[PDB]
Amino acid sequence: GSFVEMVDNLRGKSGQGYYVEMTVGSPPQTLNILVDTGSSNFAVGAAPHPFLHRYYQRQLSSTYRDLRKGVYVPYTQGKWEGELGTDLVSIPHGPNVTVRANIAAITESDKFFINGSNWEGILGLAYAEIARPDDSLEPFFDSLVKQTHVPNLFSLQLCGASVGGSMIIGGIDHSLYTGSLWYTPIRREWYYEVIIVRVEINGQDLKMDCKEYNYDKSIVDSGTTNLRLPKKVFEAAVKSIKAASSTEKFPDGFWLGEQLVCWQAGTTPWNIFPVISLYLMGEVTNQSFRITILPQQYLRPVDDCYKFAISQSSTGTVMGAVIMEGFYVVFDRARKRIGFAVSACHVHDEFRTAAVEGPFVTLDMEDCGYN
Ligand SMILES: C[C@@]1(c2ccc(F)cc2F)CCSC(N)=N1
Ligand code: NA
Ligand code: NA
């Protein structure tokens, strides 16, 4: 209900992610940690890498314990490798607890840290199934819930534009949203996987087989900036957005995120761009609800210059900061569901605003999931 201590506890820079202040070891070492719902490892820089403001100095900690095991984590972009261990962790602007969590001390990395960023680690908030090296390395939130009375739930209000937000650990803060929370089931506990059952570009359906919206999955990810769509869905959506926005012309490289587009300050054509609606599977048979985003969310500022923050993916749909910045999101792990409500801080205009509406009647929603 009321968690004032944790309100406004997230910071960042546009495109550089959202981070929370954390402490590791005894005596406490303060580090800024990127909040990521799309991964399950608690990894922190442990060496004097030049881009880092600070790093975890194990030698200074009495409570540190070596697991005598390493981990090599490759990505499409980045890569990091580290040494596994456990130590005492706390979240200053979080609950008043201390937990013994697994920590991957990063000893080598490539394209992982950002030059100019104010974070030194990553807090993977997803499930054990996608943990590295394997599902036996218990994620932080699982340790937090197992060792304390903190309820198995956390919520994220990502505000956007120097960026801010809130991570309410163990509860919900009703001051962070307007209207009602609508819940979608977590299909499987690995990533925060959900099912998209319909897509509308300015009230008009894309009329695709809903199985295509979730090929091979759809996930809620605070660590990705964009709304990432499967190629087929992306082609369809772009063709539809391009058509809805043919009042002003743009280079074809722009829709492909290869070129920026620029206009005048105080006069950016918002109304020439359509709203995007995703219909998510509801809690009840044949019942869905829809979430609506504004061009304010998918036209990312980089006079003014913007980026088309909707892109193709071969890993499925990724409901990144583009989606999350319009809503207050509840990761209700206890009830295996994700809640969406209109954010009290989302960026809109006098005309249109983000919306969470329901219920709707959608038949065969289970057939939208990929097997
Ligand atoms: C772990 C990862 C990540 C995020 C931000 C960053 F800056 C570095 C990263 F490696 C992989 C890329 S998508 C994702 N959700 N999380
Ligand atoms: Na409210
Ligand atoms: Na891909």
# chains A, B, ... in the order shown; residues from 1 in each chain; ligands from 1
$ closest_atom_pairs --of "chain A" --to "ligand 2" --cutoff "8 Å" --atoms "only C-alpha atoms and all ligand atoms" --output "JSON lines"
{"residue": "A:173", "atom": "CA", "partner": "ligand 2", "partner_atom_place_in_ligand_line": "1 (Na)", "distance": 7.9}
{"residue": "A:174", "atom": "CA", "partner": "ligand 2", "partner_atom_place_in_ligand_line": "1 (Na)", "distance": 4.2}
{"residue": "A:175", "atom": "CA", "partner": "ligand 2", "partner_atom_place_in_ligand_line": "1 (Na)", "distance": 5.3}
{"residue": "A:176", "atom": "CA", "partner": "ligand 2", "partner_atom_place_in_ligand_line": "1 (Na)", "distance": 6.6}
{"residue": "A:177", "atom": "CA", "partner": "ligand 2", "partner_atom_place_in_ligand_line": "1 (Na)", "distance": 4.7}
{"residue": "A:178", "atom": "CA", "partner": "ligand 2", "partner_atom_place_in_ligand_line": "1 (Na)", "distance": 4.4}
{"residue": "A:179", "atom": "CA", "partner": "ligand 2", "partner_atom_place_in_ligand_line": "1 (Na)", "distance": 5.8}
{"residue": "A:180", "atom": "CA", "partner": "ligand 2", "partner_atom_place_in_ligand_line": "1 (Na)", "distance": 7.1}
$ write_last_selection --atoms "C-alpha atoms" --output "PDB file, in the first residue's frame"
ATOM      1  CA  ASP A 173       2.409   1.484  -3.892  1.00  0.00           C
ATOM      2  CA  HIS A 174      -1.020   2.714  -5.051  1.00  0.00           C
ATOM      3  CA  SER A 175       0.321   6.271  -5.524  1.00  0.00           C
ATOM      4  CA  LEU A 176       2.380   5.000  -8.550  1.00  0.00           C
ATOM      5  CA  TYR A 177      -0.637   4.214 -10.724  1.00  0.00           C
ATOM      6  CA  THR A 178      -4.085   5.423 -11.813  1.00  0.00           C
ATOM      7  CA  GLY A 179      -7.127   3.190 -12.431  1.00  0.00           C
ATOM      8  CA  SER A 180      -7.047  -0.550 -11.987  1.00  0.00           C
TER       9      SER A 180
END
$ residues_near_ligand --ligand "ligand 3" --cutoff "8 Å" --atoms "only C-alpha atoms and all ligand atoms" --output "JSON, numbers by chain"
{"A": [312, 313, 314, 315]}
$ residues_near_ligand --ligand "ligand 1" --cutoff "6 Å" --atoms "only C-alpha atoms and all ligand atoms" --output "VMD selection string"
chain A and resid 36 38 to 39 78 112 221 223 to 224
$ residues_around --residues "residue 54 (chain A)" --least-positions-apart "2" --cutoff "7 Å" --atoms "only C-alpha atoms" --output "list in words"
residues 31, 52 and 120 of chain A
$ select_by_dssp --residues "region 103-265 of chain A" --states "strand (DSSP E or B)" --output "PyMOL selection string"
chain A and resi 103-110+121-124+154-160+163-169+177-185+189+192-193+196-201+204-205+218-220+227-230+261-264
$ residues_around --residues "region 232-247 of chain A" --least-positions-apart "6" --cutoff "10 Å" --atoms "only C-alpha atoms" --output "ChimeraX atom specification"
/A:199-202,204-210,212-215,255-256,269-276,310-313,316-317
$ residues_around --residues "residue 159 (chain A)" --least-positions-apart "6" --cutoff "8 Å" --atoms "only C-alpha atoms" --output "VMD selection string"
chain A and resid 165 325 to 326 345 to 347
$ write_last_selection --atoms "N, CA and C atoms" --output "compact mmCIF listing (two decimals), in the first residue's frame"
# COMPACT_ATOMS: atom_id res chain seq x y z
N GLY A 165 12.75 6.52 -11.39
CA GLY A 165 11.71 5.52 -11.16
C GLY A 165 11.68 4.98 -9.75
N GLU A 325 7.60 2.06 -19.60
CA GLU A 325 7.55 3.48 -19.21
C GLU A 325 6.14 4.09 -19.23
N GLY A 326 5.19 3.43 -19.90
CA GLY A 326 3.81 3.88 -19.91
C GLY A 326 3.01 3.32 -18.73
N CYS A 345 3.39 8.59 -13.66
CA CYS A 345 4.50 9.39 -14.19
C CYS A 345 4.72 9.29 -15.71
N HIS A 346 3.88 8.56 -16.46
CA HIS A 346 4.14 8.39 -17.90
C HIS A 346 4.05 9.71 -18.71
N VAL A 347 4.85 9.79 -19.78
CA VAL A 347 4.96 10.94 -20.70
C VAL A 347 3.84 10.88 -21.76
$ closest_residue --among "A:122, A:56, A:354, A:68" --to "residue 80 (chain A)" --atoms "only C-alpha atoms"
A:122
$ residues_around --residues "residue 283 (chain A)" --least-positions-apart "4" --cutoff "12 Å" --atoms "only C-alpha atoms" --output "PyMOL selection string"
chain A and resi 181-187+194-195+287-289+335-339+358-360+365
$ atom_distance --atom1 "CA of residue 348 (chain A)" --atom2 "CA of residue 125 (chain A)"
28.6 Å
